[PDB]
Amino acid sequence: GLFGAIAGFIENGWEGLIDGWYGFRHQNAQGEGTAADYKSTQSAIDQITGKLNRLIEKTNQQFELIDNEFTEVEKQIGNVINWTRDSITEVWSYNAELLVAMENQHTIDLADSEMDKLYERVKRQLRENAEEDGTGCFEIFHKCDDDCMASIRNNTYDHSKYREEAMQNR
């Protein structure tokens, strides 16, 4: 939680959000709706994908036998070979464990960031017509019919339309 959204100021995830990774859940006069956000969901996805594309990789370098499983090579040479190979195992095993931990840290942090980024986008959309409840909700100081909610999701909410009324609920 480098960004403090996921597993942070948002209390927990929505096991119902089967539509995408991020989303809005509104409550108005008409009832209550949950919708997923394509842009943020898709970005988080694009990025994790990119990680995969990079990590699912084949090096075009062939390695051949220097050992012999059937008739064991000379002891000193085979011992040097065993030592080199074991040392190399140590390096890659480390490289793998580190790579995976670092990548998981960054993946999680990245998702947290995408959440924050979305929240802050909506916050910016509202401007002065809503206040932050601190749990990842915006209390809207005007009346938000289902078309309004929709407008907030498709980023077409004009704060000017509702400024007077909302402000007036000072």
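Residue numbers here begin at 1 and follow the sequence given.
Novice: Mean C-alpha B factor from the entry: is it higher for 113-121 or for 57-65?
Specialist: The stretch with the larger mean CA B-factor is 57-65.
Novice: Should the higher mean CA B-factor in the entry be assigned to 25-33 or to 45-53?
Specialist: Stretch with the greater average CA B-factor: 25-33.
Novice: Can you tell me whether residue 128 has a C-alpha B-factor in the lowest, middle or highest third compared with the other modelled residues of the same chain?
Specialist: Within its chain, residue 128 is a middle-third residue by C-alpha B-factor, going by the deposited values.
Novice: Comparing against every modelled residue in the chain, figure out the third that the C-alpha B-factor of residue 144 lands in (lowest, middle or highest).
Specialist: Tercile = highest for this residue's CA B-factor.
Novice: Relative to the other modelled residues of the same chain, rank the CA B-factor of residue 71 and answer lowest, middle or highest third.
Specialist: Within its chain, residue 71 is a highest-third residue by C-alpha B-factor, going by the deposited values.
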